[PDB]
Amino acid sequence: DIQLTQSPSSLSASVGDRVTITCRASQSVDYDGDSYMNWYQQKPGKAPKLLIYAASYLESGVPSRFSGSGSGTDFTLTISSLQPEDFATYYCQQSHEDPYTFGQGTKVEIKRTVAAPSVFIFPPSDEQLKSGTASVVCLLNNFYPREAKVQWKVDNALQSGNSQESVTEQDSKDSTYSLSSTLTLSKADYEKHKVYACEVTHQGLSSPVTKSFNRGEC
Amino acid sequence: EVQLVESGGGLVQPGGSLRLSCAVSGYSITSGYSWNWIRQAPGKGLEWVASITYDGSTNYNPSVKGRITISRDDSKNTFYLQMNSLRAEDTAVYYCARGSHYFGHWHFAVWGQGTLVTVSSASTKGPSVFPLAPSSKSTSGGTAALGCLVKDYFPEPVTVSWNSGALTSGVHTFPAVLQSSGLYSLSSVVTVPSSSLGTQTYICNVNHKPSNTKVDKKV
């Protein structure tokens, strides 16, 4: 009533490669020969954008690389040649019966060549230190693939349970990711130590990379 | 030329009520075949909840059966969403959207930007903004990173631009993380030429509407 199931839930593909995504309805969405399945593209922080309506019609202003086919209960969205600007979550949506329903979404990433992170490190500001806390920030810029390991070390003690990280979505400019790790400590603990290091392991690095600084140059 | 702009997002007490509005521009609400609300829980997933047809007929998703009211004001060129008895399950980005006169009607080619609604007992808290200053240790190649740390706010979201939106190239604004405190923290960085650190001014503009907090931090 009426359940749509997409597959895969996530996929990754080389630029230019053909991509096909499936939608399966629990009941038919056929009506007067027409099939009432729709496809949307949702880029991060954006409202869904309509690509296909009535199973096979291209919405005005959408590139011809996107096409839909199918009928009854089996439907297919295809992207003839995956472009970088195509990273997004794709949804199917039936418009045959109220409670109009969407698929669970398919996540689509462009698989590019390996690119090693550029690492940067930031000491806490004096402005924050006066507040009684110290956040240390590590930036991993423009890398691929998404997976990356970040280890925090303070005077060579491995910090654990002490930090949090966030990863940007894929950048269409160059198909990379970026990542921010923030190490949080009390001012007291921060003032009691000297060496603050951010160690990074990534597929694009033959060996780990460490960016560090000494309090007293922070 | 047709834009949907929404208001009424923010913090709501569990059991309370929300009142969203979609202000239509470049188009008469009366010409629309259908106007709709569709929400998306942060987790992910879209859910249609309500519609009003040009004749005034209203329709609701039973998933929220009897705690919703879609309505419109033609003289204001606006339509509204009201819900009450709000649960945490109701936390979501809420989108308005226009339906079509063609091909079965119930597909949406025009959407608003969305507004986040957070249902929580916690209270609003504005962020602190601290510098992420450039350094030799943030200058790997002939290019430097600097940024802003937007720390300890509630609830989402926070808006971050650089130099009043004049600087977009090289800018990365990261997803907020939820701290063990229950507060959010977020960083924004920009990679720039290290040779301009002495001559160019870099200001991150931070907005947190829920607490009515705006900050401009030079780094």
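Cut-offs and rules
- Residues numbered from 1 in each chain as written, not as in the entry; some residues may be left out.
- Chains lettered and ligands numbered in written order.
- Heavy atoms only, no water.
- Salt bridge = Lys/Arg side-chain N within 4 Å of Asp/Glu carboxyl O.
- Helix = DSSP H or I, 4+ residues; strand = E, 2+ residues; numbered from the N terminus.
- Buried < 20%, exposed > 50% of the residue type's maximum accessible area, 1.4 Å probe, protein only.
- Contact = heavy atoms within 4.5 Å.
- Buried area = accessible area lost by both parts, 1.4 Å probe.
- Polar contact = N/O pair within 3.5 Å; in protein donor to acceptor, adjacent residues only side chain to side chain.
- Nonpolar A, V, L, I, M, F, W, Y, C, P; charged D, E, K, R; others polar.

Method information in the entry identifies X-ray crystallography as the source of the structure, with 2.42 Å recorded as the resolution.

Pairing is possible between side chains of opposite charge, provided their charged atoms come close. Within the structure shown, the criterion is met by 11 salt bridges over all chains. As a salt-bridge pair, A:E127 and B:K217 come within 3.2 Å of each other at their nearest N and O atoms. Separated into two different chains, A:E127 in helix α1 (residues 126-129) and B:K217 in strand β19 (residues 213-218) make up a pair that spans both. Given the relative accessible area of 35%, A:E127 is considered partly exposed. The salt bridge involving B:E47 is made with B:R39; its shortest N-O contact spans 3.0 Å. The class of B:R39 is buried, set by a relative accessible area of 5%. One network of salt bridges, in which partners are shared, links B:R39, B:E47, B:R67, B:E89 and B:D90.

Contacts between chain A and chain B engage 42 residues on the former and 44 residues on the latter. Both faces combined, the contact of chain A with chain B buries some 3,700 Å², and carbon together with sulfur accounts for 63% of it. Considering only the side of chain A, the residues that lose the most area to chain B are A:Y100, A:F102 and A:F122, jointly responsible for 17% of the buried surface there. On inspection of chain A and its partner chain B, the count reaches 1 salt bridge. Linking chain A with chain B are 16 residue pairs in polar contact. Among the elements that make up the side of chain A that touches chain B, the one with the highest residue count is strand β15 (residues 133-143) of chain A (5 residues). The residue inventory of the side of chain A that touches chain B, partitioned by class, reads 20 nonpolar, 15 polar and 7 charged.

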